[PDB]
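Report on one structure; see the data block that follows.
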Amino acid sequence: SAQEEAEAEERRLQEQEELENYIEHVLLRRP
């Protein structure tokens, strides 16, 4: 582990935690 890698880790959680809702609504409201 390290400081740099640690910064990227959380980045994935914050990006995913929010992304999960993206496709969740985008797909649910599909054409």
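In the structure tokens, chains take the letters A, B, ... in the order shown, each chain's residues start at 1, and ligands count up from 1 in the order shown.
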
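Within chain A, DSSP applied to the backbone places the following residues in helix (DSSP H, G or I): residues 3, 4, 5, 6, 7, 8, 9, 10, 11, 12, 13, 14, 15, 16, 17, 18, 19, 20, 21, 22, 23, 24, 25, 26, 27 and 28 of chain A.
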
Notebook entry, point to check: Mind pulling up the distance from atom CA of residue A:7 to atom CA of residue A:19?
Noted result: 18.1 Å
